[PDB]
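Report on the structure given below.
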Amino acid sequence: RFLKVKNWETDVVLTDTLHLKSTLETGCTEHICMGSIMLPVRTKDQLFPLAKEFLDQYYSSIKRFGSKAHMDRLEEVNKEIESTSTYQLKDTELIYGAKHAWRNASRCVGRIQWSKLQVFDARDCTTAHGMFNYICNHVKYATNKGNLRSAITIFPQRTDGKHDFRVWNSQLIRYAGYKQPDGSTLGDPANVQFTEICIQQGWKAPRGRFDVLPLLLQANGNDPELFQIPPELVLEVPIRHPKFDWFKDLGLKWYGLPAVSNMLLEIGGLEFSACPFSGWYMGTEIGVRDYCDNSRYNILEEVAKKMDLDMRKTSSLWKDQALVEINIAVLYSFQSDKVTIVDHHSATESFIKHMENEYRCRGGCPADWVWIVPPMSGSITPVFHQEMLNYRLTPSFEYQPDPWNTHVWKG
Amino acid sequence: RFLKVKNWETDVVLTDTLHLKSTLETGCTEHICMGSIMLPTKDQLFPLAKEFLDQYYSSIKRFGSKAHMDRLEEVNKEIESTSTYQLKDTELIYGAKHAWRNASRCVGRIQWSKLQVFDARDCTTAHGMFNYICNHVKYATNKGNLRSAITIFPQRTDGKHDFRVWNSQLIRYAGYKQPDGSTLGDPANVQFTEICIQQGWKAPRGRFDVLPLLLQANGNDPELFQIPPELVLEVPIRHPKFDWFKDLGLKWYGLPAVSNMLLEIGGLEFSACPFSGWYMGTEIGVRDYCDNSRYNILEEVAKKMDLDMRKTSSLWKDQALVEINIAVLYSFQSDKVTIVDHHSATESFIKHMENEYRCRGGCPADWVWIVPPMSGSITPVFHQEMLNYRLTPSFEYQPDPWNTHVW
Ligand code: HEM
Ligand code: HEM
Ligand SMILES: Cc1cncn1-c1nccc(CCNCCCc2cccc(F)c2)n1
Ligand SMILES: Cc1cncn1-c1nccc(CCNCCCc2cccc(F)c2)n1
Ligand SMILES: C[C@H](O)[C@H](O)[C@H]1CNc2nc(N)[nH]c(=O)c2N1
Ligand SMILES: C[C@H](O)[C@H](O)[C@H]1CNc2nc(N)[nH]c(=O)c2N1
Ligand SMILES: [Zn+2]
C-alpha cells in the first residue's frame with residue numbers, strides 16, 4: 001500500500017512505501033492521534049530475528065544480499081547468540097547502524113548530513129575515567145576550532161542491564177542551574193535537578209549564571225563519577241547584537257557544541273545506553289528555546305525593556321519582536337566568531353530537499369512535523385506547508401529513563 | 001485507556017476520558033501517524049440519531065426521562081416513514097454549538113456556547129439564500145463589535161438537492177492571472193475568480209475586489225449576487241510606526257466566515273452552513289499576507305524597511321513578519337473592529353482546555369493547527385500536549401461544488 005504526501009505551497013506530491021518496513025508503534029490508533037505527546041535485559045528469544053532483520057538491511061545496502069559473506073555472518077551471529085545470549089557488531093555494522101539511527105530520527109531537521117557522521121568506537125571502554133577520555137576526544141574532534149563536525153562516541157552495549165554504561169548529563173556541555181531560597185533561579189533552570197546531584201556528588205559549584213557542568217559518567221553499572229571538561233576544550237560564544245550595543249551588556253554567552261548524551265542507540269536488538277552525539281546548532285534552539293522559554297533563561301522581559309517596547313499590551317507583539325532580535329544576535333555572534341551554526345530558514349529548506357531525495361532513493365522519510373517545524377516564524381519556512389508521515393524505523397535513537405531514577409547505588 | 005496530557009511549561013496534567021466516546025476515525029494507525037496530513041440509509045441513520053439524542057437529553061438532565069424516550073420513539077418513526085427526519089430547534093442549536101465545541105482545529109472554541117444560530121431550513125432559492133446571508137453578515141459584523149454566528153440551510157436529501165455556498169468564505173478578494181505570468185489580487189482565489197466570470201461576473205480586476213456570492217439552492221445551477229458594500233466592513237492597513245506602510249495599498253475585511261463546510265448533526269447533513277467569528281491576528285498577517293502561495297508581500301515590506309535581504313541569516317523575513325502583524329492588530333483596534341492576537345487567543349484556549357477537561361472530561365485538539373504560524377514557542381499552546389480525535393456533531397470538509405455539480 002502506497003501513501004502520498006503533498007506540499008501545499010508547491011503542489012509537489014510524494015509517495016511513501018518505506019512505512020511498510022515499520023515495526024515499532026507510534027502511540028496512535030484509528031481513534032486517537034497522539035502526535036503532540038512527547039513520550040507516547042533482552043532475551044535470545046526475540047534477539048535473533050531483530051539481529052537478522054538488521055543484518056539483511058546491512059547487506060542490502062552494500063549490495064550483498066544472499067551472498068556467502070551475508071549468510072555466514074547470519075550463521076555466526078546466530079551461534080554467538082545461543083552460546084552467549086548476545087552478540088558483537090563488526091565495525092562496519094556499527095558505523096552503518098549509527099548513521100541509520102540518525103537517518104531514521106524523524107524529529108531531526110538536520111538529517112541531510114546523515115552520511116557524514118564520524119563514528120568513534122568506544123566499545124573497549126571499561127571505566128568512568130576511560131569514559132572521560134573518550135568524551136574529551138569527541139569534543140575536541142567535533143569542535144574543530146569552531147568548524148564543527150558531526151560525531152557520535154559509542155560505549156559498550158547493555159548486557160544484563162545491571163552493567164549499564166550511562167552518561168548522566170543530558171548534554172555534554174551545559175550550564176548549571178541553581179534554585180535560590182527566594183524561589184528564583186540562577187543560571188539555566190532546565191538543569192537545576194541535575195546540578196543539585198552534581199553538587200551532592202562532590203562538585204564545588206562556582207554558583208554563576210554560566211558555569212559549565214561537570215561530566216557525571218557511569219561505567220559498567222558502577223556508581224557515576226565526576227570530571228571537569230578542560231575549559232580550553234569548551235568553545236563558548238559571547239552574544240552580541242549587530243545594531244544594539246547594549247546587548248553585549250546582558251552578559252550572555254552560549255557554548256558552541258550541541259551534544260545529546262542521554263539517548264539510547266538500538267542496533268540489531270543491541271542497546272547502547274551511552275552514545276553521546278553532536279552536530280551543530282540551529283539558531284532557534286538557543287535563540288528561541290534556551291533563552292526565551294518561560295522555563296529557561298527567560299530574557300524576553302529584560303531584552304524588551306532595553307528595546308523600549310510597549311510592554312503594556314501583548315497585542316503590541318513586544319514578545320515576538322524581542323524574540324527575533326535575540327535570534328538575530330545569536331546567529332550574528334556565531335558567524336562572527338566563525339563557529340558553525342545554521343538559521344531556521346536555511347535548515348528547513350535543506351530538510352525539504354533532503355526529504356524529497358529520501359522519497360526518491362529510499363521510498364520515504366519519516367518526519368515528525370510537530371518537531372520539524374521551527375518554534376518561531378513557522379509558516380515562512382517551507383516545512384510548515386509540507387505534509388509528513390511519522391513512523392519508527394530501526395536502528396533508532398530512543399529515550400530512556402533518567403539514571404538517577406533507576407540506578408542501584410553501590411556505595 | 002484513561003489518557004493523560006501534560007503541559008511541559010507548567011507541569012499541569014489533565015486526564016482525558018472524552019476520547020472513549022469518539023466515533024469517527026483519524027487516519028492514523030499503530031504504525032503511522034498522519035497528524036500533519038491536511039485531509040486523512042435508515043439503518044445507518046437511526047443509530048446516529050439515537051447517539052445524538054441521548055447526549056442531548058443527557059445534557060439537559062432528562063436522560064432516560066419520558067420526554068427523552070418519547071422523542072427517541074418519535075424520530076425512530078419518522079425515519080421508518082420519511083427515511084430522514086427533522087431536528088427540533090433546540091436540537092439544532094445544541095448540535096451546532098457542539099459541532100463548534102468539537103472542532104479540534106479551532107483555537108477559538110472558548111466562546112463556543114455563545115453562538116447565534118440562524119435557522120434557514122425554510123429557505124428554497126438562491127435569492128432567498130442571499131437574503132439569509134446578508135442578514136447573517138449584518139448581524140455578525142454589528143458595526144465592528146463582531147458576534148459569532150451560523151446560518152443553516154436545509155439538510156441534504158438525496159444528494160441531488162444539496163444546498164451549497166460555492167464561495168469558500170462569504171467575503172474574499174478576487175485573484176486574477178496576468179499575461180505577465182504573475183498574479184494580481186489573491187492567488188488562493190484565482191480559480192474561483194474564473195468560475196465567477198464563467199457564470200457571468202464582471203470583474204473590476206483590481207487587487208482587493210470583493211468576490212460575489214455564488215449560491216446554490218436545491219441542487220439548481222448556482223447564482224451570482226453582490227453583497228451590499230455597506231455590509232462589508234474593511235480595514236485599511238497602516239503601521240503605528242512606519243508612515244510608508246499606508247502606501248503599500250493594503251486593506252483586509254473584518255468578517256471571517258467559513259462557508260464551504262458540511263455540518264453533521266445526529267446523522268443529518270447540512271452542506272450549506274456558513275459560520276463566522278472574528279480573526280486571530282496571524283490569520284491575516286502571517287498566512288494571508290505572507291504565504292508564498294498568497295499575497296507574498298514580505299519582499300516588498302522588507303525592501304521598504306531597508307533590511308539586508310541578502311542572506312536568510314539576517315532574519316529579515318522574521319523581522320518584517322512581526323511588524324506586519326503589529327500593523328494588522330493596530331489597524332483593527334484603531335477601527336474598533338474585533339480582532340484577537342495569538343498570545344491572547346492561545347492563552348484563552350489553554351483556559352478553555354482546563355475547563356473542558358474539568359466539566360466534560362476532555363477537549364479534542366489538533367496541535368498542528370492550534371499553534372499559530374508565528375512565534376510558536378512563546379505561546380503557551382506550544383508546550384501543551386493535545387489529544388486529537390473526532391467527536392460528533394461535527395464540521396467536515398466536502399468537495400468543491402464545481403467538481404460535483406450536475407449541470
Ligand atoms: C549537524 C546538524 C544537526 C542539526 C542542525 C540537528 C537539528 C535538530 C533539531 C533542531 C532537533 C530538535 C531537538 C529539540 O528541539 O529538542 C533535532 C532532534 C534530533 N536530532 Fe538532530 N541535528 C543535527 C545533528 C544530529 C546528529 C549528528 C544526530 C545523531 C547522530 C541527530 C539526531 C537527532 C535526534 C535523535 C533528535 C530527537 C531528539 C529528541 O527527540 O529529544 N541530529 N535535531
Ligand atoms: C469567535 C472566534 C474564533 C476564533 C478566534 C477562531 C479561530 C480559528 C483559527 C485560527 C482556526 C485555524 C484557521 C486556519 O488557519 O485555517 C480555526 C478553525 C476552525 N474553526 Fe474557528 N474561530 C472562531 C470561531 C469559530 C466559530 C463560530 C466556529 C463554528 C461555529 C468555528 C469553527 C471552526 C472550524 C470547524 C475550524 C477548522 C477549519 C478547517 O478545518 O479548515 N470557529 N478557528
Ligand atoms: C546534539 C543534537 C543533534 N541533534 C539535536 N541535538 C540537540 N542538541 C542540543 C539539545 C537538544 C535537545 C534534545 N531534545 C531535548 C528534549 C528532551 C525531552 C524532554 C521532555 C520530554 C521529551 F519527550 C523529551 N538536541
Ligand atoms: C470564520 C472562522 C471561524 N474559525 C475560523 N474561521 C476562518 N476564517 C477565515 C478563514 C479560515 C480558514 C479555513 N480553513 C482553511 C483551510 C482550507 C483548506 C485548503 C486546502 C486544504 C485543506 F486541508 C484545507 N477560517
Ligand atoms: C502541512 C500541514 O499539515 C499544513 O500546512 C497545515 C499546518 N498547520 C496549519 N494550521 C492552521 N491553523 N492552518 C493551516 O492551514 C495549517 N496548515
Ligand atoms: C507538547 C509539545 O508537543 C511539545 O512541547 C513539543 C512541541 N514541539 C517541539 N519541537 C521541538 N523541536 N522541540 C521540542 O521540545 C518540542 N516540544
Ligand atoms: Zn497520529
Side-chain angles (χ1 to χ4, degrees), chain A residues 3 5-6 8-9 19 22-38 288-289 292-295 300 314-317 319-321 323-325 327-328 331-332 335 343 345-346 349 368-370 373-380 382 384-392, chain B residues 3 5-6 8-9 19 22 24-38 281 286-287 290-293 298 312-315 317-319 321-323 325-326 329 333 339-341 343-344 347 365-368 371-378 382-389:
Chain A
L3 293 181
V5 296
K6 188 176 184 180
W8 288 87
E9 174 191 350
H19 68 272
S22 185
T23 84
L24 312 187
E25 298 172 343
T26 60
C28 299
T29 78
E30 289 81 3
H31 279 157
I32 198 153
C33 173
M34 315 216 318
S36 77
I37 316 291
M38 318 200 59
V288 194
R289 315 296 322 276
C292 291
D293 267 12
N294 286 330
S295 317
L300 273 184
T314 74
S315 62
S316 67
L317 303 202
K319 269 186 174 162
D320 314 67
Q321 230 166 6
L323 176 62
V324 170
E325 293 306 331
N327 276 269
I328 281 180
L331 299 168
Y332 173 70
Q335 285 160 171
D343 69 77
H345 294 291
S346 167
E349 174 171 0
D368 182 342
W369 189 103
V370 166
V373 184
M376 71 174 301
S377 314
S379 81
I380 67 172
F384 183 94
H385 309 266
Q386 180 61 63
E387 288 185 345
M388 300 174 200
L389 294 166
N390 187 13
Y391 50 95
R392 274 161 58 175
Chain B
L3 293 166
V5 289
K6 175 178 184 178
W8 288 86
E9 186 198 348
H19 71 278
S22 158
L24 305 178
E25 278 139 25
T26 68
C28 294
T29 89
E30 305 97 83
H31 293 295
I32 196 173
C33 171
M34 301 204 172
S36 72
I37 310 299
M38 273 191 103
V286 183
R287 304 303 315 277
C290 293
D291 267 10
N292 255 263
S293 51
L298 270 175
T312 59
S313 334
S314 71
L315 307 189
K317 292 202 183 181
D318 301 66
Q319 235 161 0
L321 176 67
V322 178
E323 299 293 339
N325 284 266
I326 283 176
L329 296 170
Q333 288 165 325
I339 196 173
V340 68
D341 68 82
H343 303 285
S344 174
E347 185 201 1
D366 184 345
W367 198 102
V368 177
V371 180
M374 74 171 283
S375 297
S377 79
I378 54 164
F382 184 90
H383 309 263
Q384 177 69 53
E385 294 182 349
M386 302 171 199
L387 284 172
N388 188 19
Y389 49 93

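Within every chain, numbering begins at 1; the chains are lettered A, B, ... in the order of the sequence lines, protein sequences first and strands thereafter. Hydrogens, waters and symmetry mates play no part in the numbers below; they use all other heavy atoms, side chains included.
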In terms of heavy-atom proximity below 4.5 Å to chain A, should B:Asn388 be classed as side chain, backbone, both, or neither?
both
Among B:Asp366, B:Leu3, B:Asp341, which has the most heavy-atom pairs under 4.5 Å with chain A?
B:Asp341
Heavy-atom cut-off 4.5 Å, strictly under: side chain, backbone, both or neither for A:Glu349 against chain B?
neither
Can you tell if the side chain of A:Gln321 reaches within under 4.5 Å of the side chain of B:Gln319, non-hydrogen atoms only?
no
Checking heavy atoms, do the side chain of A:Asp320, its backbone, both or neither come under 4.5 Å from chain B?
both
The reported gap from OH in B:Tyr389 to SG in A:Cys28 (rounded to nearest 0.5 angstrom) is 14.0 Å
Under 4.5 Å from a heavy atom of chain B, the part of A:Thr29 involved:
backbone
Relative to chain B, which of A:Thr23, A:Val373, A:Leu300 shows the most heavy atom pairs under 4.5 Å?
A:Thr23
With a 4.5 angstrom heavy-atom cut-off, which part of B:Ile32 approaches chain A: side chain, backbone, both or neither?
both
Which bit of B:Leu321 comes within less than 4.5 Å of chain A, counting heavy atoms only: side chain, backbone, both or neither?
side chain
Which of the residues A:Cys292, A:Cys33, A:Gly378, A:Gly35 is involved in the greatest number of heavy-atom pairs with chain B at under 4.5 angstrom?
A:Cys33
For a 4.5 angstrom cut-off between non-hydrogen side-chain atoms, does A:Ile380 reach B:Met374?
no
Residue A:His19 versus chain B: region with a heavy atom under 4.5 Å:
side chain
Please state whether the side chain, the backbone, both or neither of B:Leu24 comes within less than 4.5 Å of a heavy atom of chain A.
backbone
Euclidean distance, A:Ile328 CD1 relative to B:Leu315 CG, rounded to 0.5 Å:
5.0 Å
Under 4.5 Å from any heavy atom of chain A - which part of B:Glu323:
side chain
Heavy-atom pairs under 4.5 Å with chain A, option from B:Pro372, B:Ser293, B:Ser375 with the top count:
B:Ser375
If you measure from CD1 on B:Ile339 to OG on A:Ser315, what distance do you get to the nearest 0.5 Å?
9.5 Å
Should A:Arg392 and B:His31 be marked as a side chain to side chain contact (heavy atoms under 4.5 Å, CB included) after you check the CA-CA gap, both sets of side-chain angles, and the distance that decides it?
CA-CA 8 Å; A:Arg392 274 161 58 175; B:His31 293 295; over 6 Å; no
CG on A:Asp293 to NE2 on B:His383, rounded to 0.5 Å:
4.5 Å
Determine the option with the most heavy-atom pairs under 4.5 angstrom with chain B, choosing from A:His345, A:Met34, A:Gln335, A:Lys319.
A:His345
Chain B heavy atoms under 4.5 Å from A:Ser316: which part of the residue, side chain, backbone, both or neither?
backbone
Would you mind checking which part of A:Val370 comes under 4.5 Å of any heavy atom in chain B, side chain (CB onward), backbone (N, CA, C, O), both or neither?
both
Within the side chain of A:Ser36, is there an N or O that forms a donor-acceptor pair under 3.5 Å with the backbone of B:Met386?
yes
At a 4.5 Å cut-off on heavy atoms, which part of A:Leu389 comes close to chain B: side chain, backbone, both, or neither?
both
Select one option (side chain, backbone, both, neither) describing which atoms of B:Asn325 are under 4.5 Å from chain A's heavy atoms.
both
Tell me the closest heavy-atom pair linking A:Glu387 and B:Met38, and the distance in Å.
OE2-N, 2.7 Å
